[PDB]
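Colleague: Kindly return the folded structure for what I paste below:
(chains A, B and C, ligands or ions: 2)
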Amino acid sequence: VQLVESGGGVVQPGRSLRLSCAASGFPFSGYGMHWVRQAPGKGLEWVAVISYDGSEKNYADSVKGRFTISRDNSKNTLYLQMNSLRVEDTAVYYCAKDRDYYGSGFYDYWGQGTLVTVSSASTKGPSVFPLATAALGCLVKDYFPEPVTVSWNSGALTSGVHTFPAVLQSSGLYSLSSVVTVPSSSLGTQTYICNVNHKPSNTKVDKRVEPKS
Amino acid sequence: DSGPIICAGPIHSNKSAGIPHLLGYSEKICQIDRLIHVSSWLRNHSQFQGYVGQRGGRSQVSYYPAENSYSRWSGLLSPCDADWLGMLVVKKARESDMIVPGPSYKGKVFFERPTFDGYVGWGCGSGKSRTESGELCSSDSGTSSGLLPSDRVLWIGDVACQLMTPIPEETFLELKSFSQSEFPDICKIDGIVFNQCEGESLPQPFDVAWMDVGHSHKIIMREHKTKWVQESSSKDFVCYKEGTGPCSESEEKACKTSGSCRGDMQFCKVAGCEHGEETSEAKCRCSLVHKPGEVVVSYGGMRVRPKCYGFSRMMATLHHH
Amino acid sequence: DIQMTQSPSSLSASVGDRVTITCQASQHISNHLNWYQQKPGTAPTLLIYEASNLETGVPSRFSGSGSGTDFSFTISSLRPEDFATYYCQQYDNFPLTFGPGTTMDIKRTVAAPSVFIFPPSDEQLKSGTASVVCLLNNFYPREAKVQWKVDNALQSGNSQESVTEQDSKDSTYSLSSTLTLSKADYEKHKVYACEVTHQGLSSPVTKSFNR
Ligand SMILES: *[C@@H]1O[C@H](CO)[C@@H](O[C@@H]2O[C@H](CO)[C@@H](O[C@@H]3O[C@H](CO)[C@@H](O)[C@H](O)[C@@H]3O)[C@H](O)[C@H]2NC(C)=O)[C@H](O)[C@H]1NC(C)=O
Ligand SMILES: *[C@@H]1O[C@H](CO)[C@@H](O[C@@H]2O[C@H](CO)[C@@H](O)[C@H](O)[C@H]2NC(C)=O)[C@H](O)[C@H]1NC(C)=O
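Modeller: Residues are numbered from 1 along each chain as shown, chains lettered A, B, ... in the order given. Ligands and ions are numbered 1, 2, ... in the order given. Find the structure here:
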């Protein structure tokens, strides 16, 4: 079996998005289909359900009037039209098969998830700033959207690296910190460079770190 | 829509689970409220995997004629219900057994028909459902879960089945005659020679009233008179725990012999209730079943408490002139 | 409709010991509670359905029980894979509600953090914003919190903390508390202290600097 989502991305309040859960391996037209979402940092919240032939639909609240679920058993995909999107709906969205005929609530196989962020923010690349056994790091600040990838010395330095989970800010722009511990005797003996890569905005930055007076 | 007698629509979890043999008139009625009896028939006879009636129950069974009066009276018992209660048998269909026209056989997994000689069912099996004619089962992917909706179950006719007051054979024969005297054109009903013809037409639909007096053939009727008498027998009562669910044989027998158990007004009136004790606790409460009562028909000059009675469809052959 | 409450919020046990999760309910759910495992970054996976049955592939260490309102999900011999977040789920009445999750975490010896503080760069201080960063490094257990101070003035709500996952070797966590001020406010003040409290430090910790 394989459920696989697609469709997620950045969207601002008021806009609408469409998801799709294409299926393989199993008789897609004999089973009900779910939508379960996970808010970043929070737990699990079921969104919508659909039955074998796509007639009996039961949505949750918090989406009724804003969410329409559908399917096409001829091409084995599961749709979810999300209108009137708000900030509260930023979450990772999963689709799940159900052992039953109607969606009774057994999520046997889950998809690998797709991410939908809802905020009015634009798209901005990160501003990378340095942070001087000694400790040093790089400040990846004021970017949108997630994710980001921070290497160190082009993937050579790995021991002692901590890339911290980013934190949303009041301005809506994300900002994380990546740090490393170096054996004090590195000033001059070793050079350290952090490789930031924000693919959603094509911003790749390599910031050097050094002693300072 | 009708109403669960004692148990809500079943939410099964695995197609491969057992169908237990519960022993209490209650435990059984729960299994009927949840289309377990049909599920068994499908498995036993028609080599089927899973349960039919998921989430719906007996309340959602598809009926023909869809405007089925007795459907609202949850207590009124179908032919299939009473098989589980031992009162009769629904037989695996044979080639001979004729499938009536009219009903929406499509996607159906089970359909039941009262026949002139008995009661017969036509079951499909794994991952298949009947064609648009009832004659053939064909692959239906929407039946791959084995946890199937109640709508896939068709019970034909406005049948009510009950406990007979046994009649002698003389009476049956008198009744046999009167029907023939009333229906003098029919030759064979469902394959059983009703009146001598030699000149038969080809089989053809026939919607008639009928009762099972308890002998070879059902008696069919044109002008019948039906009185529904209430009798408040133990079988008119079901015992449940709000929570655990159905009560067990002893608990029921006890309740129906003690008084102690909680109950509705009539159950108190009949057998006894008892209160002032329950602090938090929980005990079996018993309640009257919802039905007009026991039916008594009047026909040929004779008043009969029949096993089953109803208006159903039965393929038949009329004379030639 | 049906609130599903789990407990404990977070365990902390080591490999080989026995775990028990508890999931309560506000109504009679009968035998209609499923259980789920979700490893970090992955998708949830069904372990137990109908409070006893083991979905195909689930080992025999995972057990489940409960009928009515109170349930339990019992792992007998913890293994490193079995460390994840666990949820219960009812299906007695739509809308289908979940539990708030139980975050199984590993356990080792108590470790004090190694606190570092970072003054802002100059490249950042030309945009008009100064971001001071205090780093807490390789401590156990996770429970600890920082308190910023600007010239011995307890700062409130102008900082943000992040925590790494539990290390696959140290079994320790790391923290990054970022204090943000405006350049016009950063230059108004003198001492930028970071005070750290933790179970492994008999006295409260401070790392500061005079800019
Ligand atoms: C499908 O097949 C099963 C298995 O044969 C049927 O279960 C059987 O149901 C009968 C109903 O009368 C049971 O008979 C009763 O058994 C109890 C003891 O368990 C006894 O006290 C009664 O006097 C009566 O003899 C029978 O035990 C039970 N099991 C077996 C193995 O026969 C089921 O009824 C069938 N369903 C359909 C729709 O055909
Ligand atoms: C219902 O229970 C049965 C029996 O335990 C499960 O059947 C098989 O389990 C094995 C692994 O133990 C799998 O390899 C098979 O694929 C299962 N059979 C089928 C038809 O799936 C079955 O998985 C259970 N039902 C569900 C929905 O999981």
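Colleague: Closest approach to ligand 2 from chain C, which residue is it?
Modeller: The minimum distance from chain C to ligand 2, using CB to the nearest ligand atom, falls at residue C:56 (3.6 Å). In this view, the C-beta of every residue, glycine as well, is placed from N, C-alpha and C.
Colleague: Contact partners for residue 103?
Modeller: Going with chain A. For residue A:103, the residues meeting the contact criterion (CB atoms under 8 Å, 6 or more residues apart in numbering or on different chains) are A:32, A:33, A:34, A:49, A:50, A:51, A:58.
Colleague: my question was about chain C
Modeller: For residue C:103, the contacting residues are C:9, C:10, C:11, C:85, by CB under 8 Å, 6+ apart.
Colleague: and the gap between it and ligand 1?
Modeller: Relative to ligand 1, residue C:103 is positioned 47 Å away (criterion: CB to the nearest ligand atom, to the nearest Å).
Colleague: ok, then the element right after the one helix or strand that residue maps to?
Modeller: Under DSSP states H and E, the secondary-structure element containing residue C:103 is strand C:102-105. Helices and strands here follow DSSP H and E; after strand C:102-105, the next one along the chain is strand C:116-118.
Colleague: returning to that earlier point: could you name the specific helix or strand carrying the residue of chain C closest to ligand 2?
Modeller: Secondary structure assignment for residue C:56, by DSSP H and E: no helix or strand.
Colleague: count of neighbours near it?
Modeller: The burial count assigned to residue C:56 is 6, neighbours taken as other CB atoms under 10 Å in any protein chain shown.
Colleague: Against residue A:1, how distant is it?
Modeller: Counting by CB to CB, to the nearest Å, the gap from residue C:56 to residue A:1 is 11 Å.
Colleague: which ones are touching residue B:7?
Modeller: By CB under 8 Å, 6+ apart, the residues touching residue B:7 are B:29, B:30, B:33, B:34, B:57, B:245, B:246.
Colleague: So among the contacts of residue C:103, which ones count as buried?
Modeller: Among those, those classed as buried by neighbour count (16 or more other CB atoms under 10 Å in any protein chain shown) are C:11, C:85.
Colleague: Pick the one among the contacts of residue C:103 closest to residue B:96.
Modeller: For these, the residue nearest residue B:96 by CB to CB is residue C:85; the value is 61.7 Å.
Colleague: Looking at strand pairing, list the partners for the closest one.
Modeller: Per DSSP bridges, residues listed as beta-bridge partners of residue C:85: residue C:38, residue C:103.
Colleague: hang on, the earlier thing: among the contacts of residue B:7, which are located in strands?
Modeller: B:245, B:246 (DSSP state E).
Colleague: With neighbour count and distance to ligand 2 as added columns, please give the contacts of residue B:7 in TSV.
Modeller: Below are the contacts of residue B:7 laid out as TSV (neighbours: other CB atoms under 10 Å in any protein chain shown; distance: CB to the nearest ligand atom, whole Å):
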residue	neighbour count	distance to ligand 2
B:29	28	27
B:30	22	23
B:33	26	24
B:34	26	19
B:57	23	21
B:245	14	23
B:246	23	25
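Colleague: Return the subset of the contacts of residue B:7 lying in helices.
Modeller: When DSSP state H defines the helices, the subset of the contacts of residue B:7 inside them is B:29, B:30, B:33.
Colleague: Residue B:18 versus the second one, what's the distance?
Modeller: Going back to what we said before, that points to residue B:30. Summarising the geometry, the distance separating residue B:30 from residue B:18, computed by CB to CB, is 15 Å.
Colleague: How about the first one?
Modeller: With distances defined as CB to CB, the gap from residue B:29 to residue B:18 amounts to 19 Å.
Colleague: so what's the nearest residue to residue A:86 once chain neighbours are set aside up against?
Modeller: Closest residue in space to residue A:86, ignoring its immediate chain neighbours: residue A:13 at 5.5 Å, by CB to CB, 6 or more residues apart in numbering or on different chains. Applying CB under 8 Å, 6+ apart, one finds that residue A:13 lies in contact with A:85, A:86, A:87, A:118, A:119, A:120.
Colleague: By neighbours, which of the residues you listed wins?
Modeller: In the contacts of residue A:13, the most neighbours by other CB under 10 Å go to residue A:85, 21 neighbours.
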